[PDB]
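Peer 1: For reference, the structure I am asking about is given below.
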Amino acid sequence: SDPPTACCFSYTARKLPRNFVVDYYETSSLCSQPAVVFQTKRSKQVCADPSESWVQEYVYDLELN
Amino acid sequence: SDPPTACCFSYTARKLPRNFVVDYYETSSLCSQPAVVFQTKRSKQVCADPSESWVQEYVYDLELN
Amino acid sequence: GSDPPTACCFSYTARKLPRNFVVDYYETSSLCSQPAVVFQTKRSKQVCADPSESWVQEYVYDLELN
Amino acid sequence: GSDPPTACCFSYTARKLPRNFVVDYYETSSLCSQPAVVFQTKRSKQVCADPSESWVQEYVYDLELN
Amino acid sequence: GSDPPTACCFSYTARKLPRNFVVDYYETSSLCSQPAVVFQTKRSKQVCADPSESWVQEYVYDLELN
Amino acid sequence: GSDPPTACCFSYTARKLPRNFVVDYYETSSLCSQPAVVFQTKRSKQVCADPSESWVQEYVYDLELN
Amino acid sequence: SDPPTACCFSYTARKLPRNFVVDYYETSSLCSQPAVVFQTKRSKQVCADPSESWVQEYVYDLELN
Amino acid sequence: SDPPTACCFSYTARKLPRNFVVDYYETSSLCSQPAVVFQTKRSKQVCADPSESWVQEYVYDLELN
Amino acid sequence: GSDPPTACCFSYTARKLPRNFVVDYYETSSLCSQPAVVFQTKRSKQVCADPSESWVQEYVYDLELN
Amino acid sequence: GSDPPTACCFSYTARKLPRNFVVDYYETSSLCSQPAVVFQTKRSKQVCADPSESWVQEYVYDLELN
């Protein structure tokens, strides 16, 4: 259809514990800046800065393993 | 927390029948364009151009009544 | 999702879908070349339909209100 | 089906995907307004990629003959 | 969601909450002047807590995992 | 009242609210990084507004006096 | 906004009958001493010493039940 | 009885419009710092710094006139 | 209020107050030399009473629960 | 009344009142644990003042003979 798109205008400042995270997605390229959104065990959603080591590590891990 | 913000880059082109709509909200000023998001009875979410009048009409009705 | 593809209809069904086959529907994006209802069945079959048809709209109404 | 929706890309990804995320590709229908490669990740995600881009071309080539 | 206000803690509770008073939590936006955990009580109250305390991170884990 | 979180606005609505959407307001704590007026709508929503705008101070007066 | 904070400098000396109490709250950590404030059926407000046990008892009961 | 006492730990930063204010009181001397609390037309309550000109002016005025 | 005086009882009434005279009651501050119920009548008469008396406590209960 | 509550001061004001706020005074009962002057403002507010303080003494004197 024509749903709204998820964008991030601010990033969490805290590294999340690995086992708090159960999934991720990357925000559209239409958004004004790049971002990763992590889904948690309690199903919360968290904007996270893709420039940071820990974010990439979790992304690599959720994708590959 | 630091969750995603809903943003509309593309708007629906049809006019929604009034009775398909149960709720609405308006996208953050941080988005690159103004938008109204309508919620339908099937719990779907549709971007809508706030410059269209039926959009304004339904918004006043949902707010006031 | 990120930058996934959009669903678009380039033809409309010519045969009416049995109403009880259909469990859901969506409208295709306005980015598409033409408007279209996509009907969804229980076995997850996807059927493009002409929005200007009367049974299409009748189905859409039943799905949305009932 | 008899008249299924077609996958089309209108917006591309601005990111170069990690090659090791990508396990497959496919090209969008000629019926689409524009040509696109859609990459498919290990996780079954779908990423529209702009065929004009060199990484996109290189990725396809590598998938095909490797 | 439009432009509603953000929850920020400028002070932390100095008392420790009995674990069975708590039923949920969240952390404050990075936009705030300091980090904080906000617990939600059975009676539906909201309590700013210092994230550097042991009980605070214990509760958060327990809430998040179990 | 114990140690609940403080409401702070980090961004202001860019739209002007129809006067008859609004039914109450408050101003944010001086503890916040910037000043702000938060309006409460008929549908009970909360909207951060820029205190330096004309309509914002008009509404506030009207709400406060009449 | 920027309203006053409730603080207890003197505590009540009697034990409130349970059924006089309808609600409670706990004074901000900014105050100079810990306190529980009980609300009565006549909507009065009574500081109470959190170190006293009937105080704790009633608090658990109001929260849990 | 033994009610809680109103204390202020932070002061408004905005000078209130005179006709928003309908009353004042001064906070107990038991509180950790001196303060004035203004009551408004809508019956809100506002901690205000007594060191400031505008506060004293309103205090003088509500007292004398 | 600011630093207003406290109400304290230094004697207790020796005559029982007609129950229907009484519309409200309060307990005197613990800062006082002795405990006391202060009963309030319709014409705003203030009457100190011994908390250990049975009619005093009976009145207090009726006022608080009914 | 037959046994009315007595006004007593346990805490004093740390502020020197503006002389022009004060329209009257009275002294608390000898039954009180401590001696106090209670000032009465234009607005009928009541302020316990510490008789040890010079401004308090001066205020009383001025009220009495002026």
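The residue numbers of chain I are those assigned by Swiss-Prot, with the residues present covering 27-92 sequentially.
Quick reminder: no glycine exception, Cβ is built from N, Cα and C everywhere.
Among the features that Swiss-Prot reports, disulfide bond is placed at I:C34-I:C58, I:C35-I:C74, with the record citing similarity to another entry.
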Peer 1: Where I:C74 (disulfide bond) and I:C58 (disulfide bond) are concerned, what is their Cα separation in Å, rounded?
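Peer 2: Distance between the two Cα atoms comes out at 13 Å.
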Peer 1: Hey, what's the Cβ neighbour count for I:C58 (disulfide bond) at 10 Å?
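Peer 2: Looking across every protein chain shown, the total is 21.
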Peer 1: Same chain only, sequence gap of 6 or more: which residues have a CB within under 8 Å of the CB of I:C34 (disulfide bond)?
Peer 2: I:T54, I:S55, I:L57, I:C58, I:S59, I:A62
Peer 1: Using all protein chains in view, find how many other C-beta atoms are within 10 Å of the C-beta of I:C35 (disulfide bond).
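Peer 2: Result for I:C35 (disulfide bond): 25 other Cβ atoms within 10 Å.
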Peer 1: Does DSSP give I:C58 (disulfide bond) helix, strand or coil?
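Peer 2: DSSP call for I:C58 (disulfide bond): coil, neither helix nor strand.
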Peer 1: Counting across all protein chains shown, how many other Cβ atoms sit within 10 Å of the Cβ of I:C74 (disulfide bond)?
Peer 2: 23
